[PDB]
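Coordinate-derived values only; no laboratory data. As a convention, Cβ positions derive from the backbone with ideal geometry for all residues, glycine included, and neighbour counts pool all protein chains shown.
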Number of protein chains: 2
Amino acid sequence: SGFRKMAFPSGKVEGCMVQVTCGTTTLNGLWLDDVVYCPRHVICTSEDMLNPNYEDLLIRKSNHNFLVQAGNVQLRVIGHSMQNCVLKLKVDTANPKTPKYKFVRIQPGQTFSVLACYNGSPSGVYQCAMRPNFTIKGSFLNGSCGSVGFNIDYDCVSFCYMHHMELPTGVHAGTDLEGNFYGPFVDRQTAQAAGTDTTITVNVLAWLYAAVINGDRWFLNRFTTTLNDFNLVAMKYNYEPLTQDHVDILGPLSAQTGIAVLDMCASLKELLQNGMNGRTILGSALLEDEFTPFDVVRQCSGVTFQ
Amino acid sequence: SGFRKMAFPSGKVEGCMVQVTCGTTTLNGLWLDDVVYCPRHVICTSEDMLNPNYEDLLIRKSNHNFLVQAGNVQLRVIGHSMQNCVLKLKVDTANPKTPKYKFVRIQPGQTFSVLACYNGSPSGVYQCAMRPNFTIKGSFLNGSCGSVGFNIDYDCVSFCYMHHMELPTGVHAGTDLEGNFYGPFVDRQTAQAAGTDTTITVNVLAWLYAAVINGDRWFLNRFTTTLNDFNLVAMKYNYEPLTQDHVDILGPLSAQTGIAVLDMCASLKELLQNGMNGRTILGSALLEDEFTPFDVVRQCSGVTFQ
């Protein structure tokens, strides 16, 4: 029993973290096979970041200008190229601890683990979710750029995020492993606005199901509702609209508890209108939306991974 | 910026997890050097657990009755002994991935990372705290016994917890790596009561400091207070009493924010008496007490570890 924000084991990713240095800027890189991936703004100085012309800045850089370091041993750069917002540094030695990996672009509402790194060394692990406004609520300090977000599926590592920048309200933005940003953000030191942050309704319902599995059932009322009626209430509270696909996804949880999805929606409707009156759910006084239905099944069944 | 429940990187511990089988009971073991540690109730059947006589049950077991398995390869048991509530199985092969480790008995209010395992395979990582009633609010299913709690200090792993049992109200109990339980619990399938759970005041203050570092300052009022006056209010709300040692420990955080500890206590006093009125602190509608002052410094300075 119990429920916690659980992260994936970081062992397979710790061996791929290296340190990339260009001039005085030092950040983290992802060493897979004989290629190292890192944010392209490592070639920028403190002044270039205000209005960087990455093409022109790359003209004045050569292979020997990149210092890649894995522990006390450094890698020799024999080729560099820019793919969108990431730099691909070709090194002479292939990573012997390379796991079976993929590159995936993950959708909003999905979750992943973040291995926060500094100077190529893993510092900590935590779980995040891609917000609907294409930002994440992570924990990053200076020098954390190049840290990667990942998922583990059996024995494969699915890389989906690389940290690039911090927004002036404290949230974080980045790219996939192909250099494409999540959202309309650019790697420029300029004022950039993030859109409205809405609540992932399907994730709230999955979390409410986890509470029912773990004892908390005070929020369960008598009423039921319809998709159209619940969604009309959800739009006033900036909640994502529920679809029949979301209902099928919640299938495992509804069958485990014996509570239909529409019945749980009516319970969520009362919580949105009347609040919680001081009662907690799974040790939380707010509605948690950073557990996917898949994460709840994992914690309430016990999938292992190698 | 940002703040999240961050766990330590689990790479060094994943290589020490094995699977221990005795009869039909299968659980996790900690493989360090040529010794495997696991909860002693692996020798119990479903019936023995009601009133186990561990000495008598161990008389009928021999070395070849223990199946230790590390992946697809199994270890041969050449010696077994019982130290308090853990079994020490001596194996023929030493773990080649053995990290530099310690065994520590950790104090209440301190935190650690848990690598939840099933059948010897790491499933997930999360951060816990030793509650003052010597229980933890973890996330464990059947077969999770033998999972270990640990801390990383530079390059050393400090093992401090091994999961043994679940309490009838959903909290979890276990031992240190020397077999001694935390709290007055025994490894018996019988009704066992946990004491009153109080709030770790020094951890709440550290969390309030992290909020001030990250923008949230609405709770900061005009008043100050004294240790005796704050502690009189803390005893009504089941809070741990603050000492001068706690004030010295919060030294780094008070100097970073310019807010004296006694000033922060007066702000916590108003929150205990008047509530939060619907406002959130660091994305939480309750007072968080599972961040030690050391964990906050780590997240707000960026210590790395190898």
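Quick one: which residues, 5 or more positions from B:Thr175 or on another chain, have an amide H under 5 Å from its amide H? H modelled 1.01 Å from N in the peptide plane, none for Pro or chain starts.
B:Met162, B:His164, B:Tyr182
Return the calculated 222 nm mean residue ellipticity for chain B, to the nearest 500 deg cm²/dmol, obtained by summing -39500 (n - 2.57) across DSSP H runs with n ≥ 4 and dividing by the residue count.
Values: 8 runs with 67 residues, N = 306.
Result for chain B: -6000 deg cm²/dmol, rounded to the nearest 500.
Please rank A:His64, A:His164, fewest neighbouring Cβ atoms within 10 Å first, as an exposure proxy. Intermediate results must be reported in sequence, preceding the final value.
On the way: A:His64 9, A:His164 24.
Fewest-to-most Cβ neighbours within 10 Å comes out as A:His64, A:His164.
Can you tell me the convex hull volume per residue for the stretch B:135-279, based on C-alpha atoms, in Å³ to the nearest whole number? Present the calculation step by step, with values, prior to reporting the outcome.
Working: hull volume 25.1 nm³, N = 145.
In the stretch B:135-279, the Cα hull volume divided by residue count equals 173 Å³.
Give a residue-ordered list of calculated ³J(HN,Hα) values for the stretch B:89-104 (Karplus: 6.51 cos²θ - 1.76 cosθ + 1.60, θ = phi - 60°; whole Hz; x for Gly, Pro).
Computed from phi, the couplings for the stretch B:89-104 are 9, 7, 10, 7, 10, 7, 5, x, 9, 5, x, 5, 10, 9, 10, 10 Hz.
If you filter the stretch B:1-110 for GluC sites (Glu not before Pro), then keep DSSP loop positions with at most 16 other Cβ within 10 Å, what is left?
Passing sites in the stretch B:1-110 are B:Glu47.
Would you grab the residues whose amide H sits under 5 Å from the one on A:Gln83? Only those 5+ places off in sequence or on another chain, please, with H modelled 1.01 Å from N.
Amide H neighbours of A:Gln83: A:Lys88.
Using θ = phi - 60° and the Karplus form 6.51 cos²θ - 1.76 cosθ + 1.60, what ³J(HN,Hα) does each residue of the stretch A:229-240 get, whole Hz, x for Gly and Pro?
6, 5, 5, 5, 6, 6, 6, 5, 9, 6, 10, 5
Evaluate the Kirkwood expression for the hydrodynamic radius of the stretch A:49-187, namely the inverse of the mean inverse distance over all pairs of different C-alpha atoms, and round to one decimal in Å.
Working: mean 1/r = 0.0614 Å⁻¹.
Over the stretch A:49-187, the inverse of the mean reciprocal pair distance is 16.3 Å.
Please work out the Cα center distance from the stretch B:31-74 to the stretch A:5-31, rounded to the nearest Å.
39 Å
In the stretch B:199-306, what chymotrypsin sites (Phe, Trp or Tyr not before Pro) fall in a loop by DSSP, with at most 15 other Cβ atoms inside 10 Å?
Values: sites: B:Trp207, B:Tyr209, B:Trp218, B:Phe219, B:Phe223, B:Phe230, B:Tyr237, B:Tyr239, B:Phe291, B:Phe294, B:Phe305; in loops: B:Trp218, B:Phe219, B:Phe223, B:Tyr237, B:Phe291, B:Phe305.
Sparse-neighbourhood loop chymotrypsin sites (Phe, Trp or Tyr not before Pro): B:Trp218, B:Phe223, B:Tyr237.
Using only Cα atoms and rounding to the nearest 10 degrees, what angle (0 to 90) does helix A:261-274 make with the longest principal axis of chain A?
So the helix axis and the longest Cα principal axis differ by about 90 degrees.
Could you please report the charge total around A:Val35, scoring K, R as +1 and D, E as -1 over all other residues with beta-carbon less than 13 angstrom from its beta-carbon? Present the calculation step by step, with values, prior to reporting the outcome.
On the way: positive: A:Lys88, A:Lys90; negative: A:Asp33, A:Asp34, A:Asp92, A:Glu178.
Counting the neighbours of A:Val35, the net charge comes to -2.
Hey, got the Cα dimensions of the stretch B:259-306 along the principal axes, in Å, largest first?
The Cα atoms of the stretch B:259-306 stretch 45, 24, 15 Å along their principal axes.
Per the Cauchy relation, a quarter of the hull surface: what is the mean projected area of the convex hull of the alpha carbons in the protein assembly as shown, in nm²? The partial results should precede the final answer.
Values: hull surface 115.2 nm².
With the hull built on Cα positions only, its mean projection is 28.8 nm².
Residues with amide H under 5 Å of B:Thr135's amide H, sequence separation 5 or more or different chain, H placed in the peptide plane at 1.01 Å from N; which?
Residues meeting the amide H criterion: none.
Give the average over all directions of the projected area of the C-alpha convex hull of the stretch A:55-97, one decimal, in nm².
Values: hull surface 14.6 nm².
In nm², the orientation-averaged hull projection of the stretch A:55-97 is 3.7.
Under a GNM of chain B (C-alpha, springs under 10 Å), which listed residue has the highest mean-square fluctuation: B:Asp289, B:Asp245, B:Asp263?
Comparing B:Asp289, B:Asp245, B:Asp263 in the GNM, the peak value goes to B:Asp245.
For the stretch A:138-221, report the convex hull volume of the alpha-carbon atoms normalised per residue, in Å³, without decimals. Write out the running numbers ahead of the final one.
Numbers: hull volume 13.9 nm³, N = 84.
Looking at the stretch A:138-221, the number lands at 165 Å³ per residue.
Pairs of alpha-carbon atoms within less than 8 angstrom and 6+ residues apart define the contacts here; what relative contact order does the stretch B:4-159 have, in percent? Kindly include the intermediate steps, with their values, before the conclusion.
Details: 322 pairs, mean separation 43.7, N = 156.
Computed value for the stretch B:4-159: 28 percent relative contact order.
How are the Cα pair distances of chain B distributed, in percent, across 20 Å bins from 0?
31, 49, 19, 1
Pick out, in residue order, every one of the trypsin sites (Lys or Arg not before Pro) in the stretch A:251-302 that is DSSP loop and has at most 11 other C-beta atoms within 10 Å; say none if there are none. Mind dumping the intermediate values first?
Numbers: sites: A:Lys269, A:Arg279, A:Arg298; in loops: A:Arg279.
Taking the stretch A:251-302 and a limit of 11 other Cβ atoms within 10 Å, the loop trypsin sites (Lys or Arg not before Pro) found are A:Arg279.
Please order A:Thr190, B:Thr224, B:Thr304 by the number of other Cβ within 10 Å, starting at the fewest. Please report the intermediate quantities before stating the final value.
Values: A:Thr190 8, B:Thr224 14, B:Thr304 17.
Exposure proxy ranking, most exposed first: A:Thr190, B:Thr224, B:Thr304.
Taking θ as phi - 60°, what are the ³J(HN,Hα) couplings along the stretch A:202-213 by the Karplus curve (6.51, -1.76, 1.60), each to the nearest whole Hz, with x for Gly and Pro?
4, 6, 4, 5, 4, 5, 4, 5, 4, 5, 4, 5
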